[PDB]
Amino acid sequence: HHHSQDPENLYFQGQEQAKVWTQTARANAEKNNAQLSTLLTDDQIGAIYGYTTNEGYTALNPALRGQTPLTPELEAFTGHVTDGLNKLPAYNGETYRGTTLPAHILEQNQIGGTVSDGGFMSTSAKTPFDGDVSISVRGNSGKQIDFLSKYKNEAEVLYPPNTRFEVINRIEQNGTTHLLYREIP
């Protein structure tokens, strides 16, 4: 299933938004890290880039997380993103996700517990500013995708669906609950 065949239904019938994603993402990558670009096909790079658009993200990740139907089209979109992610060098270090979880979800994040989200998990190398919860993430299925942005500025490190993490640390400090996730491959 072609990347274009996958969001055809998310966009006006004329427009070939997969080609537009690919073109912008190629141009950004050429400017920001041209050699990384050669690792990705048109559909790989266009798919990852599409994940970072508003219309793309809100169509994809809610479906993978069970809030809306996961159609075969959304499934092939997912597969193109992860095919692309599989080509990129590993980000081996620590990244952060600043978020606010419903209390019954935060309650499930105890030391010794396990976490596995059906959606992608966005993190960033930068220290997060917002959120009731700061999730530190160590793994190395996560991949740096900032080179596909215009300014290469947000240091987004993207983890694919169903990466399993053990909750290996937790503390509340000032107003903020810190969690530590270690990928279990």
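Quick note: we count residues from 1 along the sequence shown, nothing fancier.
According to the PDB record, 10-18 carries the higher mean C-alpha B-factor of the two stretches 164-172 and 10-18. As listed in the deposited structure, the average C-alpha B-factor of 27-35 and of 65-73 is greater for 65-73.
Residue-level inspection of the entry shows that, of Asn140, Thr52, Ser124, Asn153, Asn140 has the top Cα B-factor.
For the set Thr95, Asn86, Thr99, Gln108, the PDB entry puts the maximum C-alpha B factor at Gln108. Annotation for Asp146: C-alpha temperature factor in the lowest third relative to the rest of the modelled chain, per the entry. The PDB entry assigns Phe129 a C-alpha temperature factor belonging to the highest third of its chain's modelled residues.
Sort the chain's modelled residues by C-alpha temperature factor and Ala47 lands in the highest third, per the entry.
Compared with the other modelled residues of the chain, the Cα B-factor recorded for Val157 ranks in the lowest third. Among all modelled residues in its chain, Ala59 ranks in the highest third by Cα B-factor.
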